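For reference, the chains in residue letters:
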Amino acid sequence: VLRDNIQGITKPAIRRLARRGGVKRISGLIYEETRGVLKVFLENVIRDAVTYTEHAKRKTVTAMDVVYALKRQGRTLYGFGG
Amino acid sequence: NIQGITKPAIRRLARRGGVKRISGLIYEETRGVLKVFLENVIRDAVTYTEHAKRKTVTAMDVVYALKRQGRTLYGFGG
Amino acid sequence: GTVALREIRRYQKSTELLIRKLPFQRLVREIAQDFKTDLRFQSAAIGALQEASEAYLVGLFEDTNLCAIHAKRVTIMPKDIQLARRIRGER
Amino acid sequence: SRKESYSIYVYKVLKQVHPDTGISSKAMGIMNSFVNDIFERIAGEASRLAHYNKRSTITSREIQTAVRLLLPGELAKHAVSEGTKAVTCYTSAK
Amino acid sequence: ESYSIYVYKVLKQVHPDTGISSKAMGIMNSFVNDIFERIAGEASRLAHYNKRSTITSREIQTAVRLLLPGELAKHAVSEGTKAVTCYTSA
Amino acid sequence: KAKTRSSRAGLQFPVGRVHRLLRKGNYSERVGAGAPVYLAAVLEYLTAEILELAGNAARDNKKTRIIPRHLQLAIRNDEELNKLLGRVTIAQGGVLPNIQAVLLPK
Amino acid sequence: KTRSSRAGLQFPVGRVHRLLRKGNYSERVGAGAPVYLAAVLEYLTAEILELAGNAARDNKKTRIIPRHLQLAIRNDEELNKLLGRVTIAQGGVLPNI
DNA sequence: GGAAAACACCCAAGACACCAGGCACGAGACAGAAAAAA
DNA sequence: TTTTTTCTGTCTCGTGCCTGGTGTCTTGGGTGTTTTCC
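Side note on the overall build of chain F
- In terms of regular secondary structure, chain F is built from five helices and two strands.
- Helices and strands in chain F line up, N terminus first, as α-α-β-α-α-α-β.
- Expressed along its principal axes, the backbone C-alpha trace of chain F runs to roughly 70 × 30 × 20 Å.
- The long-range fraction of contacts in chain F, counting pairs at least 24 apart against all pairs at least 6 apart in sequence, stands at 33%.
- Per element, the accessible surface of chain F, about 5,800 Å² overall, is 50% carbon and sulfur.
- With 18 positive and 8 negative side-chain charges, chain F shows a spacing of 9 Å between the two charge centroids.

Here you go:
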């Protein structure tokens, strides 16, 4: 079982992602909110991906399903098939 | 006739959105963005009509163009 | 302040992923576990999820930086996060 | 020529759920547009999802999965239950 | 199936001395497939609207004007028209 | 007596019409038998929910007429229905009354 | 003998025709539609590869990288307008301070 | 980075339940219209 | 005075039956990809 793993997304990783976006200063409360946003986004993508796997009578999530699912969320991905 | 979108009308439109105070320079900006949006939708409706071999733009072309831009309109035969 | 611009210059020119692979893998498996058990995952699916989540977070931080710039500040705050999400249409 | 519509059925279900309430013509147009739009969404999702598995048939499974993909939350679950109820009722008769 | 050979041909047409990575090849394949899907689906949607059962050059042309933006589409339309007459004159 | 498929499944929506529209709406060569029944049931449930909430919202307004205003109220006041019908504009529906807290004077 | 040589194209016209026939869009497909679609695809791919080769040359590189594709797409108004909702894997972000 | 385990996706052969197709009947849906209520 | 429910004529599209092909399903084997562990 896995319990309280979202904290594995470290604070320097969020710092690096913000630096990529051009952010100069970062408040201390940003990290928990960012973790929550990432959890919401991942849940939304994973729900559709697991539904696509369940319909095909498969037991493994493939890359194509994840592409199809993000494209269904308006987040089309190039480079992993389609 | 872009000046036909008069100042009280755009004031009313801002007022429906819950806005309390209006800057004096905002009206030209709203006229510009309304012109841009109308330009895009009118262009798409016109080429839809031209493909349909017709000379009169119907409501279906407008609703089609709007729905193709992710702005689906209910109530006009969609 | 100087090293902030140095970090911006370094990371905006680089292309490798900035989220560490194994914690993200465990996070994906932990989230997917509560929808269905004994789920397997292709490596390419995990990589696609990582790339998409990184792109989304980079875009969100850029829009948040614009919001922070608007309020005559240089530090981003959580209120900028929910402002960007609200305007962008997420709930 | 004529043009089909869902007006009579919408009026029937309204009389089922609210016996003392009528409906205006504009609201009838909105309800017709709503039913048509939902129809196109579910049918297109089912057609795509069927095309993914290299299948030629839209069955109850494809419609059920499309409903789970589109409808957000508990609505999907309720819709799925009633749809299954309808199918077995059809299967129980002939 | 993939579009690797044809992308290689047009690449060596426009840039004989430039190579390409495999990830870029996958990106190109995804791009071509996405654009194909968009144009073909919009052309089918136009065919459904006008109560037509045949996809001809016309609906493809109008789909090209509908999707591609600006000058691009014009040159693309011109290119497609040239291909059609090139097909017709061969 | 040739009984309708709608009466066989206990539905008000036309099973035959959705079957014809699926077969004629260029999706796939062949259409399974249970798909029109399932689709009609889903459409029925959804229209029942929308009309129910709209009739209730009209009932708080002491009206016997359902207008687009009540439909817009019913759609926007329900969280999941607002999520589903996010990107649609209801003609003559108006906007929900919403005034910000700090917008008010002191 | 081939339709590609008759149309002066490098993309396979037969492949586009086969995808249109087995793609469940319409009952019939005219002869001019796959030729037109193949020509549009060839022109677009030539344009984006041209801009990518120019960006790679400016970066003193001999092989095109997804970084170069991301730069070529995002530096072009018409292309990035077309590809606004596309995120390129291993593309990074455009340098903007 | 190494080293197994094994689970599960891919592929081939055959069989049949099920969906399209053709066609006749008609009765329920659609428009004309008549009346009621606000 | 006008929006709207109900009655009626009319028609066309749904229902029902038979046929017939075949798409989907099943089974059996195998490699290989992913998980587990140091």
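What follows continues from the structure just given.
Points about the interface of chain C and chain A
- Counting from both sides, the interface comprises 53 residues of chain C and, opposite them, 46 residues of chain A.
- Surface buried jointly by chain C and chain A totals about 5,000 Å² across both partners, of which 72% is contributed by carbon and sulfur atoms.
- Considering only the surface of chain C that becomes buried against chain A, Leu 18, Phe 35 and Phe 61 of chain C emerge as the three largest contributors, covering 13% of it.
- Our enumeration of links across chain C and chain A arrives at one salt bridge.
- Taking the shortest distance from any N to any O, the salt bridge between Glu 7 of chain C and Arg 19 of chain A comes out at 2.6 Å.
- There are 14 residue pairs in polar contact connecting chain C and chain A.
- Sorting the residues of the side of chain C that touches chain A by element identifies α1 (2–13), α2 (21–33), β1 (40–41), α3 (43–70), β2 (75–76) and α4 (78–88) of chain C as the ones contributing at least two each.
- Residue classes in the side of chain C that touches chain A are distributed as 30 nonpolar, nine polar and 14 charged.
- Bridge analysis of strand β1 (residues 25–26) of chain A against β2 of chain C gives two bridges, and the strand direction is parallel.

Examining unusual backbone geometry
All names here are of chain D.
- We note that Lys 54 has phi near 55°; this positive angle belongs to a residue other than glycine.
- Take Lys 54: it is sitting in the loop between α2 (25–52) and β1 (57–58).
- Its relative accessible area of 78% is what places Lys 54 among the exposed residues.

Digging into the packing of aromatic side chains
- Scanning the model with the defined rule gives 13 aromatic pairs over all chains in all.
- For the pair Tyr 48 of chain B and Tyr 64 of chain B, a centre-to-centre distance of 6.5 Å together with 35° between the ring planes defines the contact as tilted. Taken together, the residues span a long stretch of sequence, with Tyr 48 of chain B in helix α2 (residues 26–51) and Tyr 64 of chain B in helix α3 (residues 59–68) at a distance of 16 residues.
- With centroids separated by 6.3 Å and ring planes inclined at 45°, the aromatic side chains of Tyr 48 of chain B and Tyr 49 of chain E adopt a geometry described as tilted.

Some points on the protein's contact with DNA strand H
- Neighbouring DNA strand H are 14 residues, the closest being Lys 59 and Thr 60 of chain A, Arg 2 of chain D together with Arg 17 and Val 31 of chain F.
- Taking all atoms of DNA strand H within 4 Å of the protein, the share assigned to sugar and phosphate is 100%.
- A distance of 3.4 Å separates a phosphate oxygen of DNA strand H from a polar backbone atom of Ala 33 of chain F.
- Going through the elements one at a time, α1 (7–17) of chain D together with β1 (30–31) of chain F are the ones with two or more residues in the surface near DNA strand H.
- Residues of the surface near DNA strand H, tallied by class, amount to four nonpolar, three polar and seven charged.

Description of a nonpolar patch on the surface
- Among the surface-exposed residues, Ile 2, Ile 5, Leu 34, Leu 38, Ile 42, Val 46 and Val 57 of chain B lie close enough to one another that they form a single nonpolar patch of about 540 Å² accessible area.
- The topology assignment puts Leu 34 of chain B in helix α2.

What to know about the protein's contact with DNA strand I
- The environment of DNA strand I is made up of 20 residues, and the closest members are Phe 41 of chain C, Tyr 11 and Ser 56 of chain D together with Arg 5 and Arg 8 of chain F.
- In this structure, a phosphate oxygen belonging to DNA strand I sits 3.0 Å away from a main-chain N or O atom of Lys 3 of chain F.
- Those elements that place two or more of their residues in the surface near DNA strand I are β1 of chain C together with α1 (5–9) and α2 (15–24) of chain F.
- Among the elements that take part in the surface near DNA strand I, α2 of chain F stands out by supplying three residues, more than any other.
- A breakdown of the residues in the surface near DNA strand I according to their chemical character gives three nonpolar, seven polar and ten charged.

Regarding empty space enclosed by the protein
- Here the structure, examined in full by the defined rule, presents three cavities of 30 Å³ or more.
- Looking at the largest cavity, the residues that line it are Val 63, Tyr 64, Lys 67, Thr 72, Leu 73, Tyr 74 and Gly 78 of chain B together with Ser 33, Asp 37 and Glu 40 of chain D.
- Among the secondary structure elements, those contributing two or more residues to the lining of the largest cavity are α3 and β1 (72–74) of chain B together with α2 of chain D.
- The class makeup of the residues in the lining of the largest cavity is four nonpolar, three polar and three charged.

Things to note about the side chain of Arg 20 of chain A
- Topologically, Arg 20 of chain A is positioned in helix α1 (residues 11–20).
- Put simply, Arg 20 of chain A is tucked away with no salt bridge, and the nearest opposite charge, on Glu 54 of chain C, sits 5.4 Å away.
- In this structure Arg 20 of chain A touches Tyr 11, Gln 12, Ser 14, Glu 16, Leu 18 and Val 58 of chain C together with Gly 92 and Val 93 of chain G, once residues within four positions along its chain are discounted.

Quick look at the pattern of salt bridges
- Considering all chains together, one arrives at 19 salt bridges over all chains under this definition.
- For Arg 17 of chain F, the salt bridge goes to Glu 4 of chain D, with nearest N and O atoms at 2.9 Å. A residue pair is termed interchain when its members come from two chains, as with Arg 17 of chain F in helix α2 and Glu 4 of chain D in the segment before α1.
- One salt-bridge network, held together by shared partners, links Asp 63, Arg 88 and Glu 90 of chain C.

Some words on a positive patch on the surface
All names here are of chain G.
- Taken together, the side chains of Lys 1, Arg 3, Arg 6, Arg 18, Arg 21 and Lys 22 present a region of like positive charge at the surface.
- Counting only elements with at least two residues in the positive patch, the list comes to α1 (3–7) and α2 (13–21).
- Turning to its location among the elements, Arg 21 is positioned in helix α2.

Criteria and cut-off values
- Residues numbered from 1 in each chain as written, not as in the entry; some residues may be left out.
- Chains lettered and ligands numbered in written order.
- Part of a larger assembly, values for the part shown.
- Heavy atoms only, no water.
- Helix = DSSP H or I, 4+ residues; strand = E, 2+ residues; numbered from the N terminus.
- Contact = heavy atoms within 4.5 Å.
- Areas by Shrake-Rupley, 256 points an atom, 1.4 Å probe, with all protein chains shown as cover.
- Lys, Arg positive; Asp, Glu negative; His and termini not counted.
- Charge placed at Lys NZ, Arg CZ, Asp CG, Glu CD.
- Buried area = accessible area lost by both parts, 1.4 Å probe.
- Salt bridge = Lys/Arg side-chain N within 4 Å of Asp/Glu carboxyl O.
- Polar contact = N/O pair within 3.5 Å; in protein donor to acceptor, adjacent residues only side chain to side chain.
- Nonpolar A, V, L, I, M, F, W, Y, C, P; charged D, E, K, R; others polar.
- Pairing = 2+ DSSP bridges.
- Buried < 20%, exposed > 50% of the residue type's maximum accessible area, 1.4 Å probe, protein only.
- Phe/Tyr/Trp six-rings, centres within 6.5 Å; stacked < 30°, edge-to-face > 60°.
- Near = heavy atom within 4 Å.
- Patch = residues over 30% accessible without salt bridge, like charges linked within 9 Å, V, L, I, M, F, W, Y side chains within 5 Å.
- 1 Å grid on protein atoms, 1.4 Å probe; cavity = no way out; pocket = protein on both sides within 12 Å on 5 of 7 lines; lining within 4 Å.
- Points joined across faces, edges and corners; volume = space filled by probe spheres on them.

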